[PDB]
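Here's a solo chain for you in structure tokens, the form deposited in one PDB entry.
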């Protein structure tokens, strides 16, 4: 009386940010978002549901996770057990090939992989659309890691209509790269979930964010259709700066940036000034991601090595959607 399943999902980095939930229970977002799934960082997860288990167990990077660290996995397991009428405790064994809780989207790859493993184990036979909807319930960004390359999370207006899909770009995504500047791989002070809730509920800047996100998304789409790299980069750099601006208007205000974040951002502007087209974005933490055409990646890593070590510059290319495995 045992059901098991496995999946691999890659991280994604948001080009147009998701920031703030319209519905906290179902993770319905205030705005639509768009990301690039990457090849460098991924999560591998197996789940086992077994009548003989006596409690839910979460093992991450070979390390048993404590009650606080398991609370959310347990929330996702409860949700999927209701969606199957399954009453069995589960064992979740996951390995993050990506720093955890550091602004490098380990919740995207991690909850996507768990959703996929659960889909397999409980024989749910979900379409990609419906697997995206389930992953959304664990972490918003995870619903986009179901797909490769460019993916859009349509905010919709209900559990049924909020989900992601691939954005065809006539192969453009394979002509691009993202260079991670690792300022700090440690666990971050304010979680993505808590930070965006504080922003929604208290930031005087949040309406400004909302009033600009759809225009940014439209221009990202026009840029894709024309493979206009400077236009893409200007939109996404400003979109990320606008998102981080919102936390300075929260009550109390806060920032995800660290000193090295600003150093890296300024350096990206120097690189542009000195003839390397590239644009930075930051998800919810201090690390800096630099969008750059593949042909300029080595140029950029060398430029940036003047201030960061080899261990701090990690390149990445477009990556695949989720991979399921019956075991």
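Positions refer to the first chain, counted from 1. Between two forms, the rigid core is the largest collection of C-alphas that superpose within 1.5 Å.
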**Report entry** No coordinates for residue 212 in a third or more of the other PDB entries
**Finding:** no
**Report entry** Gap at residue 173 across at least one third of the other PDB entries
**Finding:** no
**Report entry** Of 297-305 and 34-42, the stretch whose C-alpha atoms average the higher B-factor in the entry
**Finding:** 297-305
Query raised in the report: Which has higher Cα B-factors on average according to the PDB entry: 43-51 or 60-68?
Result: 60-68
Query raised in the report: From 254, 205, 172, 76, pick the one with the largest CA B-factor in the entry?
Result: 172
Report summary line: Residue set 152, 239, 87, 83, per-entry CA B-factor max assigned to 83
Report task. Select lowest, middle or highest to describe the third in which the CA B-factor of residue 15 falls within its chain in this entry. Result -> lowest
Query raised in the report: In terms of the chain's CA B-factor thirds, is residue 128 lowest, middle or highest?
Result: middle
Query raised in the report: Where does residue 234 sit by CA temperature factor within its chain: lowest, middle or highest third?
Result: middle
Query - B-factor third for the C-alpha atom of residue 97 within its chain - result: highest
Query - residue 211, C-alpha B-factor rank within chain (lowest, middle or highest third) - result: lowest
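This next part talks about the form deposited in another entry, which is not shown.
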Query raised in the report: Which is the one residue in 101, 86, 176, 200 whose C-alpha moves 2 Å or more between the shown form and the other one, relative to the superposed rigid core?
Result: 101
